[PDB]
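Here we start with a single chain on its own, the form deposited in one PDB entry, put down as structure tokens.
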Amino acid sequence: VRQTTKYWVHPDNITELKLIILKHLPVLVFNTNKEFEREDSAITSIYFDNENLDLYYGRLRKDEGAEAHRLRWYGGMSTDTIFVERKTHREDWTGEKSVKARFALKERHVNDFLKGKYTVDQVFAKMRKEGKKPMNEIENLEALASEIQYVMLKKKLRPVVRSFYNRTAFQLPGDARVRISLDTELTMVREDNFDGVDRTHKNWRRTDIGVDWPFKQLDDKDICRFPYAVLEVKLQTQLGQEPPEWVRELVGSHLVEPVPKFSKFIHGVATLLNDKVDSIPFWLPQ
């Protein structure tokens, strides 16, 4: 049985919270000398929606099958691999869950792919040629890309909001019993042109910022500097036991504030496009 929960963490409780976790879990690092630079922690996502904000409303109301679409990269602006990600909301008798699917695209192909000029076949030509991945897996990835490209064109999606944050990942590899992420410097930035400002100049992302938090060059109206860290806890508890006592103690402690449905996408839209949206998540006033 797997459970996911999200919490806010006041800046005054961040260090103390880290000390508790690191007592039990290692931090993942991605260089072999186990040294890391400032940009290594960065994760940036460009969320797409249309001018009616169809996707925002779908995710807000938690419609069955409501999709969120985002283009994500890890690290700094030299990063060339862009993840085209789709999150789907699911509900049934067993309860709730989030389903994520993604495929990878070189940066220089992104615009052209989104316009339907660069086809899915073209996208996966090198992958098929290589013969590394089994054919069925390739055909299923291509179906994913076709579905995403179709919605993008069909619903006229465009860049709307960017989330940026630094993520620390606490996890002992090959052990999913407990996985914890702490996101700091959380920021949302406008990427839309809804007020007539062509923020991306028809690129898939603005280029007047990189990962240079705190992004002092942005106009105040374009940015939301979130005050709290966001903590996410992914448990895979073996039926029919309970989650580790240190995990339970932690989540129930004064250190964290549970915000079950929290969503950086939804927070960004509601905060930055406040005069435009007609419904608001319940972690915000009304």
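When you see a residue number, it is the position in the sequence shown, counting from 1. Shifts are known only where both forms have a C-alpha. Only the largest set of C-alpha atoms that superpose within 1.5 Å between the two forms is called the rigid core.
This next part talks about the form deposited in another entry, which is not shown.
With the two forms fitted on their core, the C-alpha shifts between the shown form and the other one stay under 2 Å for all of 42, 53, 68, 256 except 256.
In the core-superposed comparison between the shown form and the other one, residue 170 has its Cα shifted by at least 2 Å. Relative to the superposed rigid core, the position of the CA of residue 122 differs between the shown form and the other one by less than 2 Å. Relative to the superposed rigid core, residue 158 undergoes a CA displacement smaller than 2 Å between the shown form and the other one.
In the other form, the Cα-Cα separation between residue 94 and residue 67 shrinks by 3 Å or more relative to the displayed conformation. The pair residue 58 and residue 94 approaches in the other form: their C-alpha atoms are at least 3 Å nearer to each other than in the form depicted.
Residues present in both forms were compared between the shown form and the other one after fitting on the core; consecutive runs of three or more with every C-alpha moved by 2 angstroms or more are 1-9, 11-28, 93-98, 168-182, 230-261.
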